[PDB]
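S.K.: Just passing along the structure, written as structure tokens.
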Amino acid sequence: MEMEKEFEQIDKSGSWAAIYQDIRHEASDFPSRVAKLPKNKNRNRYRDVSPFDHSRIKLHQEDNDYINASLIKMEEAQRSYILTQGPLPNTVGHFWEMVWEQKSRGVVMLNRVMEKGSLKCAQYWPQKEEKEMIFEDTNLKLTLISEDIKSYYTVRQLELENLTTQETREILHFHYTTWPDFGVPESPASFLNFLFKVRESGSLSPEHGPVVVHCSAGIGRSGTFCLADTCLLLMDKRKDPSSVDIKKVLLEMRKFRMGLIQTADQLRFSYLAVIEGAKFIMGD
Ligand SMILES: Cn1nc(-c2cccs2)cc1N
């Protein structure tokens, strides 16, 4: 079926939970043996969220190459993404090592450091220009260059230096600051505006390594971001945009990381975002 009318048909019939459970039943199951080794327990935020072995990102280190991160490679859309958990106190250095080694331009953050009165990820970037951060375990230096605070999101320019070679690179940090503590946003308008700002920066384009995207577990909000982006790109590429099937795209993405889209409300929100976003692209 088309998307917008499949949407009204699920709303009127109140069957979002049943649609979402079908997806969960059909989703791929692949081994994640490296994630579950005992030496990696303090590298995982949640015991039930792990990268598959076949698609995990490897750190370029011979001691321990493990990070909780997956490469989502979308062949028809010609887009790639790295989805990862919010960094932990003992993985902030690994996180920036990955950004460096994979040649990423942008980092997309969809959570606040504290939500619901608890810590959802480490404070992994510097908050003042004159107070830079040094990660001694991976030999990197990170400096805040500039910061632009808007009503729904903040963009930061960061300088990452590889202290071993003295090479430097500019990284863009896109921080969506207004996702609610419970539920999903009422309107997708600010999320779509944010997605378009990431796109306009070059961070999603083939001349760079894959964008790094995260929330707390790296599957829920993060899944919503890449699902909406890929669906809108396919609608631009194809002769028949109504042929884009969001449930099929989501199942393709779940071949590469488990659990993408965590609730039936996130699924409904993803439909809403793609539907509204397709009107703004055109041709309007
Ligand atoms: C002056 N300047 N500007 C930068 C960055 C630009 C864009 C991202 S980071 C780094 C330095 N040293």
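Letters for chains follow the order of the structure tokens (A, B, ...), residue numbers begin at 1 for each chain, and ligand numbers begin at 1 in the order shown.
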Excluding residue 270 in chain A and any residue of its chain fewer than 4 positions from it, enumerate the residues within 8 Å of it, using only C-alpha atoms, and give them as a PyMOL selection string.
M.R.: chain A and resi 224+227-228+266+274
S.K.: Run DSSP on the backbone and give me the residues of range 24-259 of chain A it puts in helix (DSSP H, G or I), as a PyMOL selection string.
M.R.: chain A and resi 24-26+38-43+53-55+92-101+189-200+221-237+241-243+246-253
S.K.: Let me have all residues with an atom within 7 Å of ligand 1, counting only C-alpha atoms and all ligand atoms, laid out as a list in words.
M.R.: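 Protein and nucleic-acid residues within 7 Å of ligand 1: residues 145, 157, 158, 159, 169, 170, 171 and 172 of chain A.
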S.K.: Just N, CA, C and O atoms for this one: save the residues we selected as a PDB file, in the first residue's frame.
M.R.:
```pdb
ATOM      1  N   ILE A 145      35.704  24.831  19.037  1.00  0.00           N
ATOM      2  CA  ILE A 145      36.045  25.973  18.181  1.00  0.00           C
ATOM      3  C   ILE A 145      34.951  27.037  18.199  1.00  0.00           C
ATOM      4  O   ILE A 145      35.241  28.230  18.313  1.00  0.00           O
ATOM      5  N   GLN A 157      31.342  23.383  16.158  1.00  0.00           N
ATOM      6  CA  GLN A 157      32.556  23.047  15.434  1.00  0.00           C
ATOM      7  C   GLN A 157      33.637  22.620  16.406  1.00  0.00           C
ATOM      8  O   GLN A 157      33.944  23.352  17.358  1.00  0.00           O
ATOM      9  N   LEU A 158      34.242  21.452  16.134  1.00  0.00           N
ATOM     10  CA  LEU A 158      35.254  20.826  16.976  1.00  0.00           C
ATOM     11  C   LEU A 158      36.498  20.546  16.144  1.00  0.00           C
ATOM     12  O   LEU A 158      36.397  20.288  14.938  1.00  0.00           O
ATOM     13  N   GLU A 159      37.675  20.615  16.779  1.00  0.00           N
ATOM     14  CA  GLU A 159      38.940  20.229  16.153  1.00  0.00           C
ATOM     15  C   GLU A 159      39.446  18.970  16.838  1.00  0.00           C
ATOM     16  O   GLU A 159      39.664  18.968  18.052  1.00  0.00           O
ATOM     17  N   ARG A 169      41.657  17.596  12.061  1.00  0.00           N
ATOM     18  CA  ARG A 169      40.440  17.590  11.253  1.00  0.00           C
ATOM     19  C   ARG A 169      39.302  18.326  11.944  1.00  0.00           C
ATOM     20  O   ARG A 169      39.154  18.284  13.169  1.00  0.00           O
ATOM     21  N   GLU A 170      38.449  18.920  11.131  1.00  0.00           N
ATOM     22  CA  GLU A 170      37.256  19.591  11.616  1.00  0.00           C
ATOM     23  C   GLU A 170      36.072  18.625  11.658  1.00  0.00           C
ATOM     24  O   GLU A 170      35.676  18.088  10.626  1.00  0.00           O
ATOM     25  N   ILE A 171      35.474  18.460  12.833  1.00  0.00           N
ATOM     26  CA  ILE A 171      34.278  17.640  13.055  1.00  0.00           C
ATOM     27  C   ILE A 171      33.100  18.551  13.404  1.00  0.00           C
ATOM     28  O   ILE A 171      33.232  19.459  14.241  1.00  0.00           O
ATOM     29  N   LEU A 172      31.949  18.311  12.784  1.00  0.00           N
ATOM     30  CA  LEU A 172      30.701  19.000  13.121  1.00  0.00           C
ATOM     31  C   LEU A 172      29.820  18.161  14.070  1.00  0.00           C
ATOM     32  O   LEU A 172      29.487  17.009  13.762  1.00  0.00           O
TER      33      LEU A 172
END
```
S.K.: Using only C-alpha atoms, which of the listed residues (A:173, A:237, A:141, A:248) sits closest to residue 161 in chain A?
M.R.: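 Selected residue with least distance to residue 161 in chain A: A:141.
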S.K.: Could you list, with a cut-off of 7 Å and counting only C-alpha atoms, the residues of range 6-107 of chain A near range 112-129 of chain A, each shown with its nearest atom pair and the distance in Å rounded to one decimal, rows sorted by chain and ascending number, as a Markdown table?
M.R.:
```
| residue | atom | partner | partner_atom | distance |
| --- | --- | --- | --- | --- |
| A:86 | CA | A:121 | CA | 4.9 |
| A:87 | CA | A:121 | CA | 5.6 |
| A:88 | CA | A:122 | CA | 5.4 |
| A:89 | CA | A:122 | CA | 5.8 |
| A:92 | CA | A:124 | CA | 6.0 |
```
S.K.: Would you mind reading off the distance between CA of residue 55 in chain A and CA of residue 110 in chain A, one decimal, in Å?
M.R.: 22.3 Å
S.K.: Go through range 58-169 of chain A and flag each residue having an atom no more than 9 Å from range 194-210 of chain A; for those, report the closest pair of atoms plus their distance in Å to one decimal, using only C-alpha atoms, ordered by chain and rising number, as a tab-separated table.
M.R.:
```
residue	atom	partner	partner_atom	distance
A:71	CA	A:210	CA	8.3
A:78	CA	A:206	CA	8.3
A:79	CA	A:204	CA	7.4
A:80	CA	A:210	CA	5.5
A:81	CA	A:210	CA	5.0
A:82	CA	A:210	CA	6.1
A:99	CA	A:209	CA	8.7
A:102	CA	A:209	CA	5.6
A:103	CA	A:209	CA	4.6
A:104	CA	A:209	CA	4.3
A:105	CA	A:203	CA	5.3
A:106	CA	A:203	CA	5.0
A:107	CA	A:203	CA	8.3
A:108	CA	A:198	CA	8.1
A:152	CA	A:194	CA	8.2
A:153	CA	A:194	CA	7.3
```
S.K.: How would the residues just picked look written out with N, CA, C and O atoms as a PDB file, in the first residue's frame?
M.R.:
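Done, and the output landed in part.pdb:
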```
ATOM      1  N   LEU A  71      27.889  -0.667  11.372  1.00  0.00           N
ATOM      2  CA  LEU A  71      27.818  -0.037  10.030  1.00  0.00           C
ATOM      3  C   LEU A  71      26.533  -0.448   9.323  1.00  0.00           C
ATOM      4  O   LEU A  71      26.367  -1.620   8.964  1.00  0.00           O
ATOM      5  N   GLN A  78      22.431   4.331  -1.558  1.00  0.00           N
ATOM      6  CA  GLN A  78      23.816   4.798  -1.576  1.00  0.00           C
ATOM      7  C   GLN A  78      24.108   5.741  -0.406  1.00  0.00           C
ATOM      8  O   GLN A  78      24.714   6.797  -0.570  1.00  0.00           O
ATOM      9  N   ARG A  79      23.700   5.320   0.802  1.00  0.00           N
ATOM     10  CA  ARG A  79      24.039   6.002   2.053  1.00  0.00           C
ATOM     11  C   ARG A  79      24.547   4.971   3.043  1.00  0.00           C
ATOM     12  O   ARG A  79      24.021   3.849   3.090  1.00  0.00           O
ATOM     13  N   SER A  80      25.536   5.361   3.846  1.00  0.00           N
ATOM     14  CA  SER A  80      25.984   4.570   4.997  1.00  0.00           C
ATOM     15  C   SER A  80      25.904   5.392   6.284  1.00  0.00           C
ATOM     16  O   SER A  80      26.080   6.622   6.270  1.00  0.00           O
ATOM     17  N   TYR A  81      25.652   4.700   7.396  1.00  0.00           N
ATOM     18  CA  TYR A  81      25.617   5.305   8.731  1.00  0.00           C
ATOM     19  C   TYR A  81      26.319   4.392   9.725  1.00  0.00           C
ATOM     20  O   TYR A  81      26.214   3.160   9.630  1.00  0.00           O
ATOM     21  N   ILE A  82      26.989   4.987  10.723  1.00  0.00           N
ATOM     22  CA  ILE A  82      27.432   4.253  11.910  1.00  0.00           C
ATOM     23  C   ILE A  82      26.490   4.589  13.070  1.00  0.00           C
ATOM     24  O   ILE A  82      26.382   5.759  13.498  1.00  0.00           O
ATOM     25  N   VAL A  99      35.710   7.806  15.298  1.00  0.00           N
ATOM     26  CA  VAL A  99      35.466   8.957  14.423  1.00  0.00           C
ATOM     27  C   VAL A  99      36.685   9.218  13.528  1.00  0.00           C
ATOM     28  O   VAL A  99      36.556   9.466  12.325  1.00  0.00           O
ATOM     29  N   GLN A 102      37.442   6.121  10.917  1.00  0.00           N
ATOM     30  CA  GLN A 102      36.434   5.985   9.876  1.00  0.00           C
ATOM     31  C   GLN A 102      36.267   7.247   9.016  1.00  0.00           C
ATOM     32  O   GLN A 102      35.480   7.233   8.066  1.00  0.00           O
ATOM     33  N   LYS A 103      37.003   8.326   9.307  1.00  0.00           N
ATOM     34  CA  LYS A 103      37.027   9.549   8.485  1.00  0.00           C
ATOM     35  C   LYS A 103      35.683  10.261   8.448  1.00  0.00           C
ATOM     36  O   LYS A 103      35.347  10.940   7.482  1.00  0.00           O
ATOM     37  N   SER A 104      34.915  10.138   9.519  1.00  0.00           N
ATOM     38  CA  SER A 104      33.634  10.805   9.612  1.00  0.00           C
ATOM     39  C   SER A 104      33.814  12.332   9.704  1.00  0.00           C
ATOM     40  O   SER A 104      34.785  12.823  10.260  1.00  0.00           O
ATOM     41  N   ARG A 105      32.860  13.052   9.131  1.00  0.00           N
ATOM     42  CA  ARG A 105      32.812  14.504   9.243  1.00  0.00           C
ATOM     43  C   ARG A 105      31.902  14.963  10.376  1.00  0.00           C
ATOM     44  O   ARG A 105      32.246  15.910  11.092  1.00  0.00           O
ATOM     45  N   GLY A 106      30.767  14.286  10.570  1.00  0.00           N
ATOM     46  CA  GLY A 106      29.743  14.727  11.502  1.00  0.00           C
ATOM     47  C   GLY A 106      29.432  13.681  12.553  1.00  0.00           C
ATOM     48  O   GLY A 106      29.592  12.470  12.323  1.00  0.00           O
ATOM     49  N   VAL A 107      29.013  14.175  13.728  1.00  0.00           N
ATOM     50  CA  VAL A 107      28.448  13.377  14.834  1.00  0.00           C
ATOM     51  C   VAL A 107      27.049  13.916  15.129  1.00  0.00           C
ATOM     52  O   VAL A 107      26.862  15.132  15.333  1.00  0.00           O
ATOM     53  N   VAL A 108      26.059  13.032  15.104  1.00  0.00           N
ATOM     54  CA  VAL A 108      24.656  13.364  15.374  1.00  0.00           C
ATOM     55  C   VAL A 108      24.262  12.790  16.755  1.00  0.00           C
ATOM     56  O   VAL A 108      24.333  11.571  16.984  1.00  0.00           O
ATOM     57  N   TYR A 152      15.795  24.450  18.927  1.00  0.00           N
ATOM     58  CA  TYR A 152      15.592  23.008  19.008  1.00  0.00           C
ATOM     59  C   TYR A 152      16.889  22.206  18.972  1.00  0.00           C
ATOM     60  O   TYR A 152      16.878  21.031  19.368  1.00  0.00           O
ATOM     61  N   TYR A 153      17.988  22.802  18.525  1.00  0.00           N
ATOM     62  CA  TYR A 153      19.244  22.081  18.415  1.00  0.00           C
ATOM     63  C   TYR A 153      20.401  23.065  18.512  1.00  0.00           C
ATOM     64  O   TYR A 153      20.230  24.277  18.396  1.00  0.00           O
TER      65      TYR A 153
END
```
S.K.: Using only C-alpha atoms, which of A:250, A:272, A:235, A:69 sits nearest residue 189 in chain A?
M.R.: A:272
S.K.: Would you pick out the contacts of residue 265 in chain A at 8 Å or less, using only C-alpha atoms, so that residues sharing its chain but fewer than 5 positions from it are not included, and give the list as a ChimeraX atom specification?
M.R.: /A:16,183-184
S.K.: Of the candidates A:70, A:111, A:32, A:146, which shows the shortest atom-to-atom distance to residue 182 in chain A, using only C-alpha atoms?
M.R.: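 So, comparing all the options, the nearest one is A:111.
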S.K.: Looking only at the backbone, which of the residues in range 31-212 of chain A does DSSP tag as strand (DSSP E or B), as an MDAnalysis selection string?
M.R.: chainID A and resid 56:58 66:74 79:84 104 106:109 114:115 118:119 133:135 140:149 153:162 167:176 209 211:212
S.K.: Set the distance at 12 Å and use only C-alpha atoms: which residues neighbour residue 264 in chain A once local chain neighbours fewer than 3 positions away are removed? I'd like the list as a PyMOL selection string.
M.R.: chain A and resi 10-11+14-24+183-184+220+224+260-261+267-271
S.K.: Ranking A:30, A:164, A:175, A:233 by minimum distance to residue 75 in chain A and counting only C-alpha atoms, which one comes first?
M.R.: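 Smallest distance to residue 75 in chain A is found for A:233.
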S.K.: Find the spatial neighbours of residue 39 in chain A, counting only C-alpha atoms, within a cut-off of 10 Å - ignore same-chain residues fewer than 5 positions away - and output them as a PyMOL selection string.
M.R.: chain A and resi 34+64+66
S.K.: So, with only C-alpha atoms as the atoms that count, which of A:101, A:2, A:26, A:284 lies closest to residue 240 in chain A?
M.R.: A:2
S.K.: Select, from A:249, A:160, A:142, A:275, the residue with the minimum atom-to-atom distance to residue 188 in chain A, counting only C-alpha atoms.
M.R.: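 Answer, going by the shortest atom-to-atom distance: A:275.
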